[PDB]
Amino acid sequence: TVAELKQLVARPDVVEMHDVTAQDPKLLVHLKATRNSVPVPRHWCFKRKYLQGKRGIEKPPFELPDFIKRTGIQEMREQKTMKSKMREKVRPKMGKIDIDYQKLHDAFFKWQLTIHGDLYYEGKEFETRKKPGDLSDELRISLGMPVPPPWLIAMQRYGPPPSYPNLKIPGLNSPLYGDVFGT
Amino acid sequence: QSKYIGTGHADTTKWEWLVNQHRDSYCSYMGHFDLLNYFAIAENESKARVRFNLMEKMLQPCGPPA
Amino acid sequence: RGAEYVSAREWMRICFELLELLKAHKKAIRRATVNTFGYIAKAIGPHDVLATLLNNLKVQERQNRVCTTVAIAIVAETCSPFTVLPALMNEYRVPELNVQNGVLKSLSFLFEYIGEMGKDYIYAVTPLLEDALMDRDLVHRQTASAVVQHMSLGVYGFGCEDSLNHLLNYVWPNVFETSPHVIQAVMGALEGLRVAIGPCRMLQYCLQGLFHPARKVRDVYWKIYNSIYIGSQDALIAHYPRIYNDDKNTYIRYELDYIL
Amino acid sequence: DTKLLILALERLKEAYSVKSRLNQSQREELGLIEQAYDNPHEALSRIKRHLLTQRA
Amino acid sequence: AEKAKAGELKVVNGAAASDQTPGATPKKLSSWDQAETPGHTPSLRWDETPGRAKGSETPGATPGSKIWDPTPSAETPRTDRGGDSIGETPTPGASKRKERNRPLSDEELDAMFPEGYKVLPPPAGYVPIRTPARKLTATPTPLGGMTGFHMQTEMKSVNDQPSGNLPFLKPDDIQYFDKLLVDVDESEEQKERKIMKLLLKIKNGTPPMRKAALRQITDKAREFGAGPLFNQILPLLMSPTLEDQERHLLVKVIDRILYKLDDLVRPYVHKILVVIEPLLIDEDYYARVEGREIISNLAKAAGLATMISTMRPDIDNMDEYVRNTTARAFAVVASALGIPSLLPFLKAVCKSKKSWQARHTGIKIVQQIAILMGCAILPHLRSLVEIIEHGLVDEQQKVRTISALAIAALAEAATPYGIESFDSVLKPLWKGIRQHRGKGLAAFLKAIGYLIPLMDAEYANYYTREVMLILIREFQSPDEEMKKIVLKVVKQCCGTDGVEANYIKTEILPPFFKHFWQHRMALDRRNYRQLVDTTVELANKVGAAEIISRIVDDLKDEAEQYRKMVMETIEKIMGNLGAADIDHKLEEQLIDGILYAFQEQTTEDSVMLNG
Amino acid sequence: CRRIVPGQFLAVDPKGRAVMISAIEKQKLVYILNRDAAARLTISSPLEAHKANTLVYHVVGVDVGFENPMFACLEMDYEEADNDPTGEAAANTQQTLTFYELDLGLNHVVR
Amino acid sequence: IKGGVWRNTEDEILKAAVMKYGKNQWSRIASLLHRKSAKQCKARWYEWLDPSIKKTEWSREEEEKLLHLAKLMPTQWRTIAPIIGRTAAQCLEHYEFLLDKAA
Amino acid sequence: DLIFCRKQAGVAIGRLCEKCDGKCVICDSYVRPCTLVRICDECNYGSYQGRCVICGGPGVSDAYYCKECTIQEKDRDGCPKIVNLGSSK
RNA sequence: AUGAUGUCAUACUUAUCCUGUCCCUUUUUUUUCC
Ligand SMILES: [Zn+2]
Ligand SMILES: [Zn+2]
Ligand SMILES: [Zn+2]
């Protein structure tokens with residue numbers, strides 16, 4: 001029974017819907033809760049083959065690490081008629097980049113993620129790491145408060161939110177630095 | 001893979017997997033002089049008698065199957 | 001050998017003529033071609049000629065593009081890649097996809113040839129692999145994974161494992177697919193990651209998948225667990241967790257609990 | 001039948017016998033006639049099919 | 001166990017009841033040499049050999065009497081071959097008493113044509129015309145007749161293969177693919193045969209059609225089953241007009257479908273091999289490696305007992321062709337399932353007392369196993385020898401010849417090891433070396449030849465010195481088989497470290513260059529190569545300047561191939577021994593020879609240049 | 001240190017002809033030794049004693065003067081124990097002493 | 001070798017190309033497509049893709065007119081086709097359809 | 001159709017022809033030749049003396065393994081002389 | 001809101017391919033004469 005099977009585990013929450021159909025649940029219960037091991041990715045039982053292009057069409061093409069940006073190659077790379085291309089062979093010009101071998105002997109020495117407890121899955125990008133108590137900069141600007149966000153003054157009167165019951169927000173039951181006024 | 005002992009597959013049982021890791025642990029014990037000596041220290045026996053009891057426990061461990 | 005007797009202008013013309021020799025139907029032709037291209041890369045120096053490689057239209061498949069990629073590798077060796085990388089990494093920006101996966105290959109062969117020297121550049125390539133390994137289309141995951149492989153063999157033992165773990169995160173979801181090239185790619189990937197990271201972390205990702213109810217997950221995680229199992233079977237001993245003993249069987253190994 | 005088809009094909013080949021690089025359409029003609037040598041019965045059946053049908 | 005002898009009389013009685021087949025009986029008894037080991041496996045194998053029904057009856061009664069005695073101390077298939085040989089004796093006999101045109105019977109008539117056709121009389125009268133037709137083929141041909149045409153003005157139906165595309169049909173292939181031509185469509189099995197014409201897409205069409213078709217039929221294997229496929233294939237692969245490519249492609253589809261189907265093919269195994277065994281003997285090499293591959297996949301795919309019980313009746317078949325190619329078949333299947341599994345079968349065969357042809361076959365099987373397995377024979381070499389040894393003394397000749405030949409192949413794959421395993425074989429062989437005329441002699445020389453490198457330089461001293469005489473005398477035979485054998489022999493005997501130079505220099509070299517160096521040899525291929533090798537080794541012993549010095553003058557000979565031969569010979573020689581031994585004048589003749597020969601080149605080749 | 005990989009137990013012939021190496025399970029290999037033309041030691045190609053599911057307690061060289069060498073392998077089979085749910089094969093199973101015979105002429109190792 | 005079956009991609013690209021460049025430049029349009037020549041592009045336009053071509057069932061009048069004319073000028077399809085306002089291949093197919101369904 | 005023979009690895013040195021000369025066998029690569037190839041005389045014998053490990057031509061050189069297959073320890077398995085799934089000749 | 005069935009179609013992958021290769025198919029009623 002999926003009911004009583006939940007009494008045999010320190011963290012029975014690990015047991016799930018299809019878990020009761022396992023060939024050896026009396027073990028998998030004890031494995032899945034192993035100390036430092038990580039969960040199985042969730043993209044199965046979703047038939048979508050692990051990705052679609054919905055959220056992936058709004059992403060930037062790429063952005064360089066700051067160590068590579070300060071170098072100055074970015075502006076050097078940027079157009080040509082065909083006969084100019086056969087002229088570019090007959091004419092040819094040398095040294096368009098003309099990089100500083102001192103600079104590219106400098107950056108990656110002189111100048112120059114996630115822990116193990118995380119794993120990526122399909123749709124996850126920003127959300128988990130905007131929460132009750134955590135907001136973005138600009139919307140601070142529209143709000144215009146100098147370094148609580150002021151409707152956590154009314155989270156005093158009307159009470160802690162039904163939606164996020166576990167809530168703590170600064171100064172009330174949560175005894176705050178920078179942006180993040182609640183956890 | 002098959003002819004390489006310890007090879008697993010989707011139908012692998014608990015009992016077989018754990019008796020595998022047992023036997024492999026025992027081959028490690030036979031292997032490393034020190035850890036063996038640690039065992040001899042803790043429970044007082046000869047190096048010999050230790051290795052002998054292990055070689056007895058090679059086929060059995062966990063006991064009968066299911 | 002000599003290479004001084006001829007002025008540079010002649011050389012760069014030789015380059016722009018060499019570029020289309022890569023249509024050869026023969027492999028040895030391309031061989032000598034790429035090696036020469038490296039030699040003249042030494043005769044001149046990197047930036048111009050690697051730019052002339054990045055000019056490539058990518059127009060046909062293999063038969064070949066990826067030979068130009070190999071030229072990017074060997075060129076990156078002939079003078080220090082310690083110079084060259086920013087140009088390439090910038091050239092992943094371009095919206096044209098096949099050349100994006102092209103420069104991914106360039107990183108792959110690149111680390112394959114540089115070996116130890118990747119103890120630094122790992123960091124530089126790490127976020128880009130993040131962008132690539134996060135999938136636009138399968139070839140990204142594949143090629144990027146190959147990069148993770150050769151990087152993973154190359155850097156071994158030098159203490160950079162952390163970022164390789166981070167990249168292993170993004171590697172890990174790709175485990176599931178039926179496409180032969182991406183699955184064998186991922187296999188090579190997780191093998192190199194096995195040796196570099198050490199088995200313990202691997203196994204800590206491979207535990208729960210063994211007994212999972214579904215057949216798929218068991219097929220795969222058991223394939224992986226076998227790959228982890230054959231090599232380094234000696235070192236696995238410590239990392240098998242504690243598993244409680246049932247009625248008919250004693251699943252606790254008490255030897256490890258003997259305390260002086 | 002093979003006799004006839006052979007003769008006609010040779011005749012067609014005779015116009016191009018000097019064979020400079022010619023052009024595209026001519027290239028199609030040489031390649032197609034050349035095809036007719038390898039698999040004659042195919043060509044004969046296709047021909048009789050035209051003769052029985054196509055009016056345009 | 002003497003009641004396994006009298007018990008062999010008992011088993012002979014029972015199995016004989018359930019007549020006269022020696023093989024199955026010795027296969028049964030063949031489990032005795034393991035005694036107390038024998039087990040339920042004997043029920044499995046024999047299950048296929050006799051009826052699987054009686055199989056449980058006989059094996060069960062055998063274990064009872066066996067266990068008790070210890071304490072107290074396909075048939076239709078073979079029935080067809082017997083009738084086949086008996087009709088051969090009837091017809092052959094009649095002529096003494098006195099082909100495909102022999103008159104036929106209505107059951108035989110119903111045998112050829114496939115399903116769904118009717119026999120017609122139109123009249124009884126037109127039938128009487130058909131009966132007088134014979135008499136009137138002479139009579140009415142001698143009578144008035146002619147044809148004419150009138151000028152008058154003049155519908156034309158016909159069928160290619162239309163649907164959408166249907167790549168073209170050769171004018172003959174219609175017979176096979178006619179069912180596709182009719183356009184009746186969309187109304188069970190008839191639709192599976194009808195859709196199975198995707199074969200046609202594999203045979204003829206564009207390369208993409210062949211690819212996609214090939215996959216589509218691969219994934220439908222489990223669906224359609226082996227029966228319909230082979231039923232619709234084997235005629236094509238049997239076609240008299242078959243191409244090279246088309247053949248190879250049908251071979252491919254047979255492979256790819258046989259990677260899947262395993263238990264299914266059991267009824268069709270023979271029905272496959274009959275077409276496939278001709279692939280093993282072929283001029284094309286790639287055809288041969290393919291054939292060996294697909295028979296490997298078939299035998300391993302099917303069961304051992306399936307193969308064995310299948311292939312027996314081809315052993316005694318009248319034609320030797322099927323016997324031979326069948327021997328190579330057993331070679332392939334034995335490479336598949338291993339020597340020890342198949343041993344008792346063979347060891348039973350070579351002792352068969354019925355007729356010699358069988359033993360000839362089985363021995364040939366020993367050989368082709370020797371060639372195929374080669375170096376890997378090593379473990380069972382002893383048992384194999386113990387089998388073959390009994391044929392050397394047999395009254396029939398062939399069996400002796402092919403036997404000793406098989407010893408040769410063994411020893412050649414036995415390169416030096418296992419000398420004592422050949423041990424008991426020797427003493428007869430040497431004796432035979434004295435008394436034989438003709439091909440068998442040469443064969444013995446082949447065997448002994450490959451043996452000598454495996455002996456001890458002391459025993460082989462004597463024995464060798466004995467062989468040298470006959471070896472000398474026999475240079476002169478016109479037989480080219482002879483010359484091949486004695487050639488390679490001279491290599492091994494005289495390339496022995498325990499042989500003295502001067503003796504060769506005197507006795508051998510003059511006849512050697514006399515008879516062996518001639519324009520009969522060089523034009524042939526194998527004789528060319530082997531000659532090159534042997535001469536190279538003689539140089540390796542007696543030294544350089546001798547051989548070269550005698551063959552230089554032939555650089556200037558007219559024909560090419562001969563010049564090519566001596567040229568590559570000089571090449572290898574000066575490659576190994578080094579040019580230091582060469583004197584001055586002979587060196588002038590060298591350089592001039594090499595330039596001169598090089599100045600006339602009919603073909604482009606490396607031999608002259610590398611030379 | 002492995003389960004199936006040799007190097008564990010080590011034995012050698014009194015005449016030094018062939019050295020036998022063995023693991024704990026499944027793999028027992030033999031290297032044959034002969035001095036070269038200069039009487040300097042040359043090692044042969046390996047051989048294979050492989051026997052499935054067989055534990056090797058100890059391996060000791062055996063003395064046969066100028067013979068086909070012998071080897072004493074202590075063995076036991078657990079395949080009886082794995083297929084016996086009762087646990088009878090845990091008892092009533094005696095370790096098999098087997099002498100392998102190397103054979104130079106046949107150049108393999110037969111039980 | 002160039003010849004083959006027409007593809008929706010090639011056919012739509014042919015639509016766009018004809019729209020942009022104009023009717024009289026064929027070599028320019030054949031340049032964009034692969035495995036097709038200029039003649040084939042032109043005849044493919046005027047035979048089928050051309051919007052002025054009428055693709056639909058034949059009315060009774062068109063059948064009367066087609067049959068009458070075909071009995072008037074036997075086997076001449078390129079003369080008749082403009083008179084009835086249909087493509088030569090089309091009115092051919094329809095004629096063999098009228099004799100086919102007529103018996 | 002084409003797969004390893006995987007017979008026990010002997011002391012015989014590997015032999016590659018013109019074509020295969022530079023390739024590390026398993027990784028298919030030309031990079032970092034380091035260690036040496038060993039195959040059994042069961043795979044290498046006779047007409048196979050100095051034969052290519054692959055195509056069946058005369059060996060002009062000896063195969064060297066990469067460093068990649070070195071650390072992954074694949075060079076220690078059965079003799080990597082490819083056999084076609086017919087015979088080897 | 002991506003299941004199944006279709007011989008539509010296009011991209012793409014594998015430093016795969018394109019030059020290697022003929023060598024044991026030699027099978028027959030034994031039959032080379034100072
Ligand atoms: Zn081998
Ligand atoms: Zn090769
Ligand atoms: Zn490698």
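Residues numbered from 1 in each chain as written, not as in the entry; some residues may be left out. Chains lettered and ligands numbered in written order. Part of a larger assembly, values for the part shown. Heavy atoms only, no water. Residues with missing side-chain atoms left out of burial classes, pairs and counts.

As summarised from the PDB record, the model derives from cryo-EM at a stated resolution of 4.90 Å.

Colleague: Just give me the short version of the packing of aromatic side chains, but keep the residues and values in it.
Modeller: Think of a pair of aromatic rings as described by two things: how far the centres are apart, and how the planes are tilted against each other in angle. Arranged with centres 6.4 Å apart and planes meeting at 75 degrees, the rings of B:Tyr4 and C:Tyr229 form a pair that is edge-to-face. Taken together, the residues B:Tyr4 in the segment before α1 (14–31) and C:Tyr229 in helix α12 (residues 215–230) connect one chain to another. Ring centres 5.7 Å apart and planes at 65 degrees place the aromatic pair B:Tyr26 and B:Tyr29 in the edge-to-face group. Here B:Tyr26 pairs with B:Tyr29, and both are found in helix α1, just three residues apart, close to one helical turn. For the cation-ring pair, G:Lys20 lies above G:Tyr21, with the distance from its terminal atom to the ring centre recorded as 4.1 Å. Above the ring of H:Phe4, the side-chain terminus of H:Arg6 is found at 4.1 Å from the ring centroid. (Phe/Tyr/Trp six-rings, centres within 6.5 Å; stacked < 30°, edge-to-face > 60°. Helix = DSSP H or I, 4+ residues; strand = E, 2+ residues; numbered from the N terminus. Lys NZ or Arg CZ within 6 Å of the ring centre and 35° of its normal.)

Colleague: Residue-level account of the interface of chain A and chain C, with values.
Modeller: On the chain C side, the residues contacting the 51 residues of chain A number 50 residues. Breaking the side of chain A that touches chain C down by element, the ones donating at least two residues are α1 (25–32), α3 (73–76), α4 (82–90) and α5 (107–111) of chain A. With five residues, the top contributor of residues to the side of chain A that touches chain C is α1(A). Across the side of chain A that touches chain C, the residue classes break down as 30 nonpolar, 11 polar and 10 charged. (Contact = heavy atoms within 4.5 Å. Nonpolar A, V, L, I, M, F, W, Y, C, P; charged D, E, K, R; others polar.)

Colleague: I'd like to hear about the arrangement of the chains, residue by residue, with values.
Modeller: Counting contacts across all 11 pairs of chains found in contact, the highest total belongs to chains A and C. Separated throughout, chain B and chain D approach each other most closely at a C-alpha pair spaced 50 Å apart. Between chain C and chain D there is no contact, and the shortest C-alpha to C-alpha distance separating them is 22 Å.

Colleague: Which residues make up the sheet that holds strand β2 (residues 18–22) of chain F, and what are the values?
Modeller: Residues and elements named next belong to chain F. Strand order in the open sheet formed by four strands is β1-β2-β3-β4, and the pairing between neighbours is antiparallel. The sheet is open, and its two edges are formed by β1 (9–12) and β4 (41–46), each paired on a single side. The average angle at which neighbouring strand axes cross in this sheet is 20 degrees, direction not considered. The pairing of strand β3 (residues 28–35) with β4 spans four bridges and is antiparallel. (Pairing = 2+ DSSP bridges. Axes fitted to C-alpha atoms, helices over the stretch in contact; angles between N-to-C directions.)

Colleague: Outline the pairing of strand β7 (residues 97–103) of chain F, listing residues and values.
Modeller: Residues and elements named next belong to chain F. Pairing geometry for strand β6 (residues 70–77) and β7, over five bridges, is antiparallel. Within β7, the position partnered with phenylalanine 71 by the bridge is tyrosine 100. Note that β7 and strand β8 (residues 108–110) share three bridges and pair antiparallel. For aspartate 103, the partnering residue across the bridge sits in β8 and is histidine 108. Connecting β7 to the next strand, β8, in antiparallel fashion are four residues, including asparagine 107 with a positive phi near 50 degrees.

Colleague: Explain helix α17 (residues 285–301) of chain E residue by residue, including any values.
Modeller: When the terminal C-alpha atoms of α17(E) are compared, their 24 Å separation across 17 residues agrees well with the 24 Å that a helix rising 1.5 Å per residue should span. The opening residue of α17(E), the one whose side-chain oxygen lies 3.0 Å from the backbone nitrogen of E:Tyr286, is E:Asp284. (Expected span 1.5 Å × (residues − 1). Polar contact = N/O pair within 3.5 Å; in protein donor to acceptor, adjacent residues only side chain to side chain.)

Colleague: For the domain arrangement of chain A, give the residues involved together with the corresponding values.
Modeller: The accessible area lost on association of the parts is a frequent measure of interface size. The assigned domain composition of chain A is domain 1 (1–55) and domain 2 (56–113). One C-alpha centre belongs to domain 1 of chain A, the other to domain 2 of chain A, and the line joining them spans 48 Å. (Domains from an automatic or database assignment.)

Colleague: Can you lay out unusual backbone geometry for me, pointing to particular residues and giving the numbers?
Modeller: If you check the backbone angles, C:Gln63 has positive phi at about 60 degrees while not being a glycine. In this structure, C:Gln63 sits in the loop between α3 (46–54) and α4 (66–78). For H:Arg32, which is not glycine, the phi torsion reads 40 degrees and is therefore positive. Turning to its location among the elements, H:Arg32 is positioned in the loop between β2 (12–13) and β3 (38–39).

Colleague: Give me the lowdown on the pattern of salt bridges, citing residues and values where you can.
Modeller: Any two side chains of opposite charge can pair, so long as their charged atoms come close to each other. The shortest N-O distance in the salt bridge between E:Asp282 and E:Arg247 comes to 3.8 Å. Placement of the pair is E:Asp282 in the loop between α16 (269–280) and α17 and E:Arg247 in helix α15 (residues 245–258), with a sequence separation of 35 residues. F:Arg3 serves as the salt-bridge partner of F:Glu25, at 2.3 Å between the closest nitrogen and oxygen. You can see F:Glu25 sitting in the loop between β2 and β3 and its partner F:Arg3 sitting in the segment before β1, a full 22 residues away along the chain. (Salt bridge = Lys/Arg side-chain N within 4 Å of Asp/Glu carboxyl O.)

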